[PDB]
Amino acid sequence: XXXXXXXXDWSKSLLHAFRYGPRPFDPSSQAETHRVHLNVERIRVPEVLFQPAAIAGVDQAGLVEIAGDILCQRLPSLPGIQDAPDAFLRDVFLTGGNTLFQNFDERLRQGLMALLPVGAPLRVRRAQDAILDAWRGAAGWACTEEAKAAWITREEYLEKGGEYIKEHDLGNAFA
Amino acid sequence: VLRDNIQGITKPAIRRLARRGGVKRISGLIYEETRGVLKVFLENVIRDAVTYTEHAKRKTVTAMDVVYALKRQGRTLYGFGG
Amino acid sequence: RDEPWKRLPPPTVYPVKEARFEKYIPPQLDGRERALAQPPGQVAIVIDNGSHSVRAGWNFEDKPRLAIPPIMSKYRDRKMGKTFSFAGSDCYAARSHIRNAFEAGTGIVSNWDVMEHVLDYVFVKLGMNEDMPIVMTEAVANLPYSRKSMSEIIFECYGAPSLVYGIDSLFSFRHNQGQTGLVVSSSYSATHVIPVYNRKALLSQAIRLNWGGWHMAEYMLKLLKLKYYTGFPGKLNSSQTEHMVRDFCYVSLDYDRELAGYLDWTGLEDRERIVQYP
Amino acid sequence: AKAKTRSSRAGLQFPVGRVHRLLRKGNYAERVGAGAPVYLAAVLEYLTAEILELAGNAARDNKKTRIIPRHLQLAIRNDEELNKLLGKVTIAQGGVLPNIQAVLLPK
Amino acid sequence: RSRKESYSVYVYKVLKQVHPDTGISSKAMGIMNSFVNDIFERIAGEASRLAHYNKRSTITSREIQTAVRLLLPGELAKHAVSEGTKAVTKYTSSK
Amino acid sequence: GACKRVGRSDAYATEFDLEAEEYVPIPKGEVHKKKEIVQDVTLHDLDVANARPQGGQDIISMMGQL
Amino acid sequence: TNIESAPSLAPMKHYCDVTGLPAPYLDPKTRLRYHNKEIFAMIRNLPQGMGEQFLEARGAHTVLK
Ligand SMILES: Nc1ncnc2c1ncn2[C@@H]1O[C@H](COP(=O)(O)OP(=O)(O)OP(=O)(O)O)[C@@H](O)[C@H]1O
């Protein structure tokens, strides 16, 4: 090869690019061994919400597929409501703390656009203060007439028992 | 992960071992060979020792693991238990 | 060939943001003085029982006063001869005997000896020297035994006029001034999808996905444990992986095209995000 | 109730129940797990196969369609791992490996 | 008549599986039988000592696996653990 | 009323692992594309298409001789 | 109550579990999805006790009992 080259490593393998990056290898220095490089983990870890059964093996359905199952297969088959696509698609918004990722609403919008019929006025947005509006909603709810008609006083706990449920439209089902 | 350490078994140490073994004159190629043999030996022992440690679901290799390894390898060692 | 790393720029590196303590002990007593000045029926203490961060405050404000994890820790020192027990954010994550009120992976409270001390820290740092109504959050389709035990701790331990349970995502719906929609809320413990029809939750058909931010942190910890394979000289906590996920992860738009050409050499220097250690 | 063997359920040939009985009445432990007989039977059957395979090869080499002790010996003494496994084992009527030193060879 | 058990039919079945067109002599049969017996005593013995070392009174599949890792050398042990795990998994599934 | 099977969609691609179809992606456009085309026909093509069956269902022409 | 979690029935795109790249074929010895021959080399010479941890991270480890 030297005679051919005279007559005429790590940069080939992807595992060095996967662990360490395009820079050369670690010479076992002080501030070089103690480094963690992130390439695929940026887009592999927040992808489990949409493809759970393949990336992490949780045997459930994706977020897009759950939203499509509810919008297209259960809500038109439920009696007592008027419009299943014309009402529930007016405001689909995103609440929780595990939501403030870059380009999260757009992925759900493209998935629902792939599932829903053409012409549905889909408008996906998000809340204003996603980690703090869960407190502010119960703050604004706390001293109204429906809340006053849904409290459990001390003598009601002494009489009705422990598992007593004032059936409010936000709480769980009564038992 | 440190560097080498096979050279930790220095020349005068191997010479000492040969002296206790009753060797008058030692060749130059004896030392590397001895390092190899000791490496193979320690590998064979530590493998089984770590195996015993793993079966006990422990993260610390005890002396009794070494004793069991040596005993099942055919070199019983007194003065540590068993 | 020296070209692919000769003109390559020096790296821009980010340190580790581990969830440490913070130097604050306020005994805030300026809230009770404002709470006793309002007319009755319009004063209540609201506690968001979050799995990652229990929040608590008074209803007539906009920001919550206390925002702590459910971490507690108790000790006994024989070199001093004294029993310690502090909770909340006052734990440093040097000693750790940490056990959490929530079960790991599910937002159902089943560690009541921790939840009692967490509520104790809440009522101390709000200021209770003596009886206000309590509005408190829970998880969707909560188990009855947990609600029974929580109500027993509220009435019997502390003594309260009234409390009422609600779903926090639906409260954030009602604050966001919606009427009928499809609330999708990805929490720290599970991701709920709840259809709401005219300010009423249709909880007979809501579906929770069993994935969350804690699962993000644990799966990120597993992949950094298996990526750096030969042994990484560093303490790989779960919380520092959570802070990696918080600021270094984004959902890609078109995944199968972005993924297959991601580890190409041309341009990996701008995709890669690098983390030091001390 | 249509009984089936434990060897069939484990997809093995070696008797699982027999191995289980021998472990129980062999003074090895007070109790024995349910995975122990199937695992042990699997290992024994695997080793059996590995020897019989090479033995069949050595038998084919000598133009014989019946494996004799000589073929077993040739199979074990060539496989270094199998040889280490049976280092202190003498195979009857197996002879030795044809091996002549280079010094004894004609000049 | 006092029947004496043996591993003859089993090693015969294995023989038919790996080499359908080869035979086996009575001497080699007895040799294979003694072989299987010896390894059985070895693995079971080492498993027993393993159980006794950790103050346990039950030999599970874990003790057997560790014993095989200690006795069989290298790739032989690897394939052995492989076949064992496959068998115990398939047995676990098919009740 | 003309129909062509383009392929199997790539969402159902890895159902099995060595199926033999042409896996193509879902089209990222409309489903109902409406376009207009001006197009010519010569009268000799009318003559040929009215005399003998042409192209579509003329399967006995693969013999060739007569 | 608490039995409203629902599974799926759809073709899953199987990715690699050593790296994150899309991987089209697995192994008989260790059952690992893998991208190319470098990852196959690192799979077939990895130290023991980790080839089960990859299936632990993906799930369905099925550890012994
Ligand atoms: N800027 C951010 N970017 C991305 N993620 C964030 C950001 N800030 C917080 N998070 C995530 O939000 C999560 C906290 O969510 P939150 O505490 O609101 O859930 P929760 O209401 O406690 O859940 P539950 O209602 O089940 O108790 C953390 O996992 C964190 O990763």
# chains A, B, ... in the order shown; residues from 1 in each chain; ligands from 1
>>> interface_residues(of="chain B", to="chain G", cutoff="12 Å", atoms="only C-alpha atoms", output="PyMOL selection string")
chain B and resi 47+51+54
>>> select_by_dssp(residues="segment 10-102 of chain C", states="strand (DSSP E or B)", output="mmCIF file with C-alpha atoms, in the first residue's frame")
data_model
loop_
_atom_site.group_PDB
_atom_site.id
_atom_site.type_symbol
_atom_site.label_atom_id
_atom_site.label_comp_id
_atom_site.auth_asym_id
_atom_site.auth_seq_id
_atom_site.Cartn_x
_atom_site.Cartn_y
_atom_site.Cartn_z
ATOM 1 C CA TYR C 14 -23.041 23.618 27.911
ATOM 2 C CA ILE C 45 -56.298 27.729 49.525
ATOM 3 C CA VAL C 46 -55.585 26.008 46.201
ATOM 4 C CA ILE C 47 -53.071 23.152 46.054
ATOM 5 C CA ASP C 48 -52.035 21.654 42.733
ATOM 6 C CA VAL C 54 -46.750 20.369 44.143
ATOM 7 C CA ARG C 55 -47.923 23.973 43.986
ATOM 8 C CA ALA C 56 -49.897 25.862 46.608
ATOM 9 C CA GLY C 57 -51.273 29.326 47.182
ATOM 10 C CA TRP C 58 -54.304 31.498 47.781
ATOM 11 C CA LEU C 66 -44.952 27.394 47.134
ATOM 12 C CA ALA C 67 -43.697 25.236 44.254
ATOM 13 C CA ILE C 68 -41.825 22.246 45.668
ATOM 14 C CA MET C 72 -38.713 14.647 51.983
ATOM 15 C CA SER C 73 -35.912 13.303 54.116
ATOM 16 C CA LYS C 74 -35.577 12.355 57.770
ATOM 17 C CA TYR C 75 -32.378 11.665 59.745
ATOM 18 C CA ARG C 76 -30.922 10.892 63.110
ATOM 19 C CA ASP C 77 -27.429 12.076 64.025
ATOM 20 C CA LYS C 82 -30.910 14.868 67.260
ATOM 21 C CA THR C 83 -33.637 13.776 64.835
ATOM 22 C CA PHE C 84 -33.866 15.801 61.628
ATOM 23 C CA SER C 85 -36.764 15.833 59.160
ATOM 24 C CA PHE C 86 -36.910 18.429 56.435
ATOM 25 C CA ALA C 87 -38.792 18.185 53.177
ATOM 26 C CA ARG C 99 -38.392 8.968 49.218
ATOM 27 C CA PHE C 102 -45.798 9.682 44.331
#
>>> residues_around(residues="segment 256-261 of chain C", least_positions_apart="2", cutoff="8 Å", atoms="only C-alpha atoms", output="number ranges by chain")
A: 40, 43; C: 252, 254, 263-264; G: 20-22
>>> closest_atom_pairs(of="chain F", to="chain C", cutoff="12 Å", atoms="only C-alpha atoms", output="tab-separated table")
residue	atom	partner	partner_atom	distance
F:10	CA	C:256	CA	10.9
F:11	CA	C:256	CA	11.2
F:25	CA	C:256	CA	11.3
F:28	CA	C:254	CA	11.9
>>> write_last_selection(atoms="C-alpha atoms", output="PDB file, in the first residue's frame")
ATOM      1  CA  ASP F  10     -45.081   2.801   3.309  1.00  0.00           C
ATOM      2  CA  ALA F  11     -47.107   2.853   6.508  1.00  0.00           C
ATOM      3  CA  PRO F  25     -44.965   7.193   0.156  1.00  0.00           C
ATOM      4  CA  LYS F  28     -48.279  15.048  -0.006  1.00  0.00           C
TER       5      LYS F  28
END
>>> closest_residue(among="A:9, A:59, A:145, A:26", to="chain G", atoms="only C-alpha atoms")
A:59
>>> residues_around(residues="segment 15-19 of chain E", least_positions_apart="2", cutoff="7 Å", atoms="only C-alpha atoms", output="JSON, numbers by chain")
{"D": [49, 52, 53, 56], "E": [11, 12, 13, 21, 22]}
>>> write_last_selection(atoms="N, CA, C and O atoms", output="tab-separated table (two decimals), in the first residue's frame")
chain	number	residue	atom	x	y	z
D	49	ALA	N	-25.38	-33.02	21.19
D	49	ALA	CA	-25.42	-32.70	19.76
D	49	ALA	C	-24.04	-32.28	19.26
D	49	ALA	O	-23.63	-32.69	18.17
D	52	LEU	N	-21.86	-35.41	18.96
D	52	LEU	CA	-22.35	-36.32	17.92
D	52	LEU	C	-22.13	-35.76	16.52
D	52	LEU	O	-21.91	-36.53	15.58
D	53	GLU	N	-22.14	-34.43	16.37
D	53	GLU	CA	-21.94	-33.81	15.07
D	53	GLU	C	-20.51	-34.06	14.59
D	53	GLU	O	-20.30	-34.62	13.50
D	56	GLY	N	-19.83	-37.57	13.92
D	56	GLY	CA	-20.36	-37.99	12.63
D	56	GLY	C	-19.44	-37.57	11.51
D	56	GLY	O	-19.27	-38.29	10.52
E	11	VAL	N	-30.05	-39.87	23.29
E	11	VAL	CA	-28.88	-39.61	22.46
E	11	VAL	C	-29.08	-40.18	21.07
E	11	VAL	O	-28.58	-39.63	20.08
E	12	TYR	N	-29.90	-41.23	20.95
E	12	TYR	CA	-30.25	-41.77	19.64
E	12	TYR	C	-31.08	-40.76	18.85
E	12	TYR	O	-30.85	-40.56	17.66
E	13	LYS	N	-32.10	-40.18	19.50
E	13	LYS	CA	-32.92	-39.16	18.85
E	13	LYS	C	-32.07	-37.97	18.40
E	13	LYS	O	-32.24	-37.47	17.29
E	21	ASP	N	-28.27	-40.21	8.66
E	21	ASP	CA	-27.73	-41.37	7.95
E	21	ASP	C	-26.45	-41.93	8.56
E	21	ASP	O	-25.58	-42.42	7.83
E	22	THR	N	-26.29	-41.81	9.87
E	22	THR	CA	-25.14	-42.40	10.56
E	22	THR	C	-25.65	-43.28	11.69
E	22	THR	O	-26.78	-43.13	12.17
>>> residues_around(residues="segment 4-11 of chain G", least_positions_apart="4", cutoff="10 Å", atoms="only C-alpha atoms", output="PyMOL selection string")
(chain A and resi 52-54+58-62+65-66) or (chain C and resi 141+192+203-210) or (chain F and resi 10-16)
>>> atom_distance(atom1="atom CA of residue 55 of chain A", atom2="atom CA of residue 69 of chain C")
29.3 Å
>>> interface_residues(of="chain G", to="chain E", cutoff="10 Å", atoms="only C-alpha atoms", output="list in words")
residues 29, 30, 48, 62, 63, 64 and 65 of chain G
>>> closest_atom_pairs(of="chain A", to="ligand 1", cutoff="12 Å", atoms="only C-alpha atoms and all ligand atoms", output="CSV")
residue,atom,partner,partner_atom_place_in_ligand_line,distance
A:45,CA,ligand 1,31 (O),11.9
A:46,CA,ligand 1,4 (C),10.0
A:94,CA,ligand 1,18 (O),11.8
A:95,CA,ligand 1,18 (O),8.5
A:96,CA,ligand 1,18 (O),5.4
A:97,CA,ligand 1,15 (O),3.4
A:98,CA,ligand 1,12 (O),4.3
A:99,CA,ligand 1,5 (N),6.1
A:100,CA,ligand 1,4 (C),4.3
A:101,CA,ligand 1,4 (C),5.2
A:102,CA,ligand 1,3 (N),8.3
A:103,CA,ligand 1,4 (C),11.4
A:104,CA,ligand 1,4 (C),10.5
A:129,CA,ligand 1,18 (O),10.0
A:130,CA,ligand 1,18 (O),7.1
A:131,CA,ligand 1,18 (O),4.4
A:132,CA,ligand 1,18 (O),7.2
A:133,CA,ligand 1,18 (O),9.0
A:134,CA,ligand 1,21 (O),7.1
A:135,CA,ligand 1,21 (O),9.1
>>> write_last_selection(atoms="N, CA and C atoms", output="PDB file, in the first residue's frame")
ATOM      1  N   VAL A  45     -35.868  10.590  21.735  1.00  0.00           N
ATOM      2  CA  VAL A  45     -36.551  10.572  23.023  1.00  0.00           C
ATOM      3  C   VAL A  45     -37.898  11.294  22.971  1.00  0.00           C
ATOM      4  N   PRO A  46     -38.067  12.502  22.423  1.00  0.00           N
ATOM      5  CA  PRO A  46     -39.423  13.049  22.327  1.00  0.00           C
ATOM      6  C   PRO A  46     -40.264  12.461  21.207  1.00  0.00           C
ATOM      7  N   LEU A  94     -53.109  22.247  23.857  1.00  0.00           N
ATOM      8  CA  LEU A  94     -52.136  21.425  24.550  1.00  0.00           C
ATOM      9  C   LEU A  94     -51.758  22.064  25.877  1.00  0.00           C
ATOM     10  N   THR A  95     -51.877  21.298  26.958  1.00  0.00           N
ATOM     11  CA  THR A  95     -51.864  21.830  28.316  1.00  0.00           C
ATOM     12  C   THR A  95     -50.590  21.543  29.089  1.00  0.00           C
ATOM     13  N   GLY A  96     -50.195  20.279  29.172  1.00  0.00           N
ATOM     14  CA  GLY A  96     -49.310  19.807  30.214  1.00  0.00           C
ATOM     15  C   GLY A  96     -47.882  20.316  30.141  1.00  0.00           C
ATOM     16  N   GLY A  97     -47.109  19.909  31.146  1.00  0.00           N
ATOM     17  CA  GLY A  97     -45.735  20.350  31.246  1.00  0.00           C
ATOM     18  C   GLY A  97     -44.832  19.714  30.216  1.00  0.00           C
ATOM     19  N   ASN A  98     -45.109  18.472  29.846  1.00  0.00           N
ATOM     20  CA  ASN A  98     -44.305  17.784  28.845  1.00  0.00           C
ATOM     21  C   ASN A  98     -44.787  18.147  27.445  1.00  0.00           C
ATOM     22  N   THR A  99     -44.868  19.442  27.163  1.00  0.00           N
ATOM     23  CA  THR A  99     -45.374  19.935  25.898  1.00  0.00           C
ATOM     24  C   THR A  99     -44.511  21.034  25.315  1.00  0.00           C
ATOM     25  N   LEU A 100     -43.726  21.734  26.126  1.00  0.00           N
ATOM     26  CA  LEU A 100     -42.958  22.877  25.648  1.00  0.00           C
ATOM     27  C   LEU A 100     -41.722  22.456  24.861  1.00  0.00           C
ATOM     28  N   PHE A 101     -41.924  21.637  23.840  1.00  0.00           N
ATOM     29  CA  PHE A 101     -40.898  21.258  22.895  1.00  0.00           C
ATOM     30  C   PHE A 101     -41.076  22.071  21.627  1.00  0.00           C
ATOM     31  N   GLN A 102     -39.974  22.313  20.932  1.00  0.00           N
ATOM     32  CA  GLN A 102     -40.056  22.996  19.654  1.00  0.00           C
ATOM     33  C   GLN A 102     -40.681  22.061  18.626  1.00  0.00           C
ATOM     34  N   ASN A 103     -41.681  22.571  17.906  1.00  0.00           N
ATOM     35  CA  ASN A 103     -42.444  21.832  16.903  1.00  0.00           C
ATOM     36  C   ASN A 103     -43.117  20.596  17.496  1.00  0.00           C
ATOM     37  N   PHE A 104     -44.021  20.829  18.438  1.00  0.00           N
ATOM     38  CA  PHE A 104     -44.884  19.770  18.952  1.00  0.00           C
ATOM     39  C   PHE A 104     -46.328  19.889  18.510  1.00  0.00           C
ATOM     40  N   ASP A 129     -49.762  29.564  29.840  1.00  0.00           N
ATOM     41  CA  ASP A 129     -48.811  29.403  30.936  1.00  0.00           C
ATOM     42  C   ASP A 129     -48.750  27.949  31.376  1.00  0.00           C
ATOM     43  N   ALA A 130     -48.477  27.068  30.407  1.00  0.00           N
ATOM     44  CA  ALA A 130     -48.668  25.616  30.408  1.00  0.00           C
ATOM     45  C   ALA A 130     -48.356  24.874  31.704  1.00  0.00           C
ATOM     46  N   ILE A 131     -47.335  25.299  32.444  1.00  0.00           N
ATOM     47  CA  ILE A 131     -47.054  24.642  33.715  1.00  0.00           C
ATOM     48  C   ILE A 131     -47.734  25.316  34.897  1.00  0.00           C
ATOM     49  N   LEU A 132     -48.308  26.501  34.713  1.00  0.00           N
ATOM     50  CA  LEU A 132     -48.924  27.230  35.810  1.00  0.00           C
ATOM     51  C   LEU A 132     -50.418  27.457  35.658  1.00  0.00           C
ATOM     52  N   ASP A 133     -50.999  27.185  34.491  1.00  0.00           N
ATOM     53  CA  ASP A 133     -52.436  27.378  34.331  1.00  0.00           C
ATOM     54  C   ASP A 133     -53.273  26.308  35.018  1.00  0.00           C
ATOM     55  N   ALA A 134     -52.680  25.166  35.357  1.00  0.00           N
ATOM     56  CA  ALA A 134     -53.396  24.158  36.125  1.00  0.00           C
ATOM     57  C   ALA A 134     -53.701  24.637  37.533  1.00  0.00           C
ATOM     58  N   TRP A 135     -52.867  25.519  38.075  1.00  0.00           N
ATOM     59  CA  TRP A 135     -53.169  26.132  39.360  1.00  0.00           C
ATOM     60  C   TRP A 135     -54.145  27.285  39.202  1.00  0.00           C
TER      61      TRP A 135
END
>>> interface_residues(of="chain F", to="chain A", cutoff="12 Å", atoms="only C-alpha atoms", output="PyMOL selection string")
chain F and resi 14+26-32
>>> write_last_selection(atoms="N, CA and C atoms", output="PDB file, in the first residue's frame")
ATOM      1  N   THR F  14     -43.489  -2.413   6.569  1.00  0.00           N
ATOM      2  CA  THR F  14     -42.920  -3.484   7.368  1.00  0.00           C
ATOM      3  C   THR F  14     -43.972  -4.248   8.154  1.00  0.00           C
ATOM      4  N   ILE F  26     -47.074   8.146   0.750  1.00  0.00           N
ATOM      5  CA  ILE F  26     -48.395   8.752   0.577  1.00  0.00           C
ATOM      6  C   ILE F  26     -48.223  10.115  -0.078  1.00  0.00           C
ATOM      7  N   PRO F  27     -49.019  10.467  -1.090  1.00  0.00           N
ATOM      8  CA  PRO F  27     -48.799  11.736  -1.799  1.00  0.00           C
ATOM      9  C   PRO F  27     -49.110  12.928  -0.911  1.00  0.00           C
ATOM     10  N   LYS F  28     -48.164  13.863  -0.851  1.00  0.00           N
ATOM     11  CA  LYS F  28     -48.279  15.048  -0.006  1.00  0.00           C
ATOM     12  C   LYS F  28     -48.914  16.231  -0.732  1.00  0.00           C
ATOM     13  N   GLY F  29     -50.030  15.965  -1.370  1.00  0.00           N
ATOM     14  CA  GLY F  29     -50.792  16.986  -2.045  1.00  0.00           C
ATOM     15  C   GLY F  29     -52.259  16.851  -1.698  1.00  0.00           C
ATOM     16  N   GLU F  30     -53.093  17.268  -2.638  1.00  0.00           N
ATOM     17  CA  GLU F  30     -54.523  17.118  -2.486  1.00  0.00           C
ATOM     18  C   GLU F  30     -54.908  15.663  -2.707  1.00  0.00           C
ATOM     19  N   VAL F  31     -56.180  15.362  -2.491  1.00  0.00           N
ATOM     20  CA  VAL F  31     -56.672  14.068  -2.933  1.00  0.00           C
ATOM     21  C   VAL F  31     -57.464  14.262  -4.219  1.00  0.00           C
ATOM     22  N   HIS F  32     -58.033  15.446  -4.405  1.00  0.00           N
ATOM     23  CA  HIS F  32     -58.873  15.771  -5.553  1.00  0.00           C
ATOM     24  C   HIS F  32     -58.171  16.878  -6.327  1.00  0.00           C
TER      25      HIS F  32
END
>>> decode(residues="segment 60-87 of chain D", atoms="N, CA and C atoms", output="mmCIF file, in the first residue's frame")
data_model
loop_
_atom_site.group_PDB
_atom_site.id
_atom_site.type_symbol
_atom_site.label_atom_id
_atom_site.label_comp_id
_atom_site.auth_asym_id
_atom_site.auth_seq_id
_atom_site.Cartn_x
_atom_site.Cartn_y
_atom_site.Cartn_z
ATOM 1 N N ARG D 60 -17.508 -40.040 9.003
ATOM 2 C CA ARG D 60 -17.598 -39.865 7.557
ATOM 3 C C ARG D 60 -16.224 -39.882 6.936
ATOM 4 N N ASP D 61 -15.242 -39.331 7.672
ATOM 5 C CA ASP D 61 -13.866 -39.305 7.208
ATOM 6 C C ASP D 61 -13.278 -40.711 7.076
ATOM 7 N N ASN D 62 -13.660 -41.631 7.961
ATOM 8 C CA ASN D 62 -13.151 -42.993 7.912
ATOM 9 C C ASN D 62 -14.033 -43.909 7.106
ATOM 10 N N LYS D 63 -14.940 -43.353 6.281
ATOM 11 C CA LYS D 63 -15.836 -44.117 5.395
ATOM 12 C C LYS D 63 -16.666 -45.138 6.175
ATOM 13 N N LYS D 64 -17.094 -44.766 7.374
ATOM 14 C CA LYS D 64 -17.921 -45.625 8.207
ATOM 15 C C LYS D 64 -19.208 -44.914 8.594
ATOM 16 N N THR D 65 -20.322 -45.643 8.518
ATOM 17 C CA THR D 65 -21.630 -45.089 8.822
ATOM 18 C C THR D 65 -22.100 -45.443 10.225
ATOM 19 N N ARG D 66 -21.186 -45.838 11.103
ATOM 20 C CA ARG D 66 -21.514 -46.102 12.497
ATOM 21 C C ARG D 66 -20.433 -45.486 13.373
ATOM 22 N N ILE D 67 -20.829 -44.569 14.250
ATOM 23 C CA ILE D 67 -19.874 -43.866 15.097
ATOM 24 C C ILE D 67 -19.311 -44.836 16.128
ATOM 25 N N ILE D 68 -17.989 -44.977 16.143
ATOM 26 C CA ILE D 68 -17.280 -45.835 17.090
ATOM 27 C C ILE D 68 -16.525 -44.963 18.091
ATOM 28 N N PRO D 69 -16.088 -45.506 19.256
ATOM 29 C CA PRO D 69 -15.289 -44.721 20.224
ATOM 30 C C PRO D 69 -14.121 -43.940 19.644
ATOM 31 N N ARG D 70 -13.470 -44.484 18.613
ATOM 32 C CA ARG D 70 -12.374 -43.796 17.938
ATOM 33 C C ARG D 70 -12.835 -42.461 17.365
ATOM 34 N N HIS D 71 -14.029 -42.437 16.780
ATOM 35 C CA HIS D 71 -14.560 -41.208 16.210
ATOM 36 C C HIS D 71 -14.855 -40.186 17.301
ATOM 37 N N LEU D 72 -15.373 -40.654 18.439
ATOM 38 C CA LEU D 72 -15.616 -39.783 19.584
ATOM 39 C C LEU D 72 -14.314 -39.176 20.088
ATOM 40 N N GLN D 73 -13.268 -39.996 20.188
ATOM 41 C CA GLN D 73 -11.966 -39.523 20.646
ATOM 42 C C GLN D 73 -11.402 -38.478 19.702
ATOM 43 N N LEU D 74 -11.458 -38.756 18.393
ATOM 44 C CA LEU D 74 -11.000 -37.801 17.390
ATOM 45 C C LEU D 74 -11.798 -36.503 17.441
ATOM 46 N N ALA D 75 -13.078 -36.594 17.787
ATOM 47 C CA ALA D 75 -13.936 -35.422 17.868
ATOM 48 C C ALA D 75 -13.582 -34.570 19.077
ATOM 49 N N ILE D 76 -13.322 -35.208 20.212
ATOM 50 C CA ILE D 76 -13.085 -34.468 21.446
ATOM 51 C C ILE D 76 -11.675 -33.911 21.473
ATOM 52 N N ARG D 77 -10.676 -34.694 21.082
ATOM 53 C CA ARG D 77 -9.298 -34.245 21.223
ATOM 54 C C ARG D 77 -8.932 -33.165 20.213
ATOM 55 N N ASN D 78 -9.745 -32.954 19.181
ATOM 56 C CA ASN D 78 -9.481 -31.854 18.265
ATOM 57 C C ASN D 78 -10.152 -30.560 18.709
ATOM 58 N N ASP D 79 -11.356 -30.644 19.264
ATOM 59 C CA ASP D 79 -12.066 -29.478 19.786
ATOM 60 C C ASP D 79 -11.446 -29.094 21.123
ATOM 61 N N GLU D 80 -10.712 -27.973 21.125
ATOM 62 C CA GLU D 80 -9.957 -27.515 22.293
ATOM 63 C C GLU D 80 -10.843 -27.375 23.526
ATOM 64 N N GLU D 81 -12.034 -26.795 23.356
ATOM 65 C CA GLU D 81 -12.947 -26.604 24.477
ATOM 66 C C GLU D 81 -13.445 -27.943 24.993
ATOM 67 N N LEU D 82 -13.880 -28.812 24.080
ATOM 68 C CA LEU D 82 -14.322 -30.149 24.459
ATOM 69 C C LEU D 82 -13.186 -30.936 25.098
ATOM 70 N N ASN D 83 -11.960 -30.715 24.618
ATOM 71 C CA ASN D 83 -10.796 -31.385 25.178
ATOM 72 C C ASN D 83 -10.549 -30.923 26.605
ATOM 73 N N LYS D 84 -10.652 -29.613 26.842
ATOM 74 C CA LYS D 84 -10.506 -29.063 28.186
ATOM 75 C C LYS D 84 -11.603 -29.599 29.094
ATOM 76 N N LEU D 85 -12.808 -29.759 28.543
ATOM 77 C CA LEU D 85 -13.926 -30.300 29.303
ATOM 78 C C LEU D 85 -13.666 -31.741 29.712
ATOM 79 N N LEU D 86 -13.054 -32.523 28.835
ATOM 80 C CA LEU D 86 -12.762 -33.922 29.113
ATOM 81 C C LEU D 86 -11.263 -34.172 29.220
ATOM 82 N N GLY D 87 -10.556 -33.269 29.894
ATOM 83 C CA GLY D 87 -9.116 -33.416 30.029
ATOM 84 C C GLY D 87 -8.715 -34.537 30.964
#
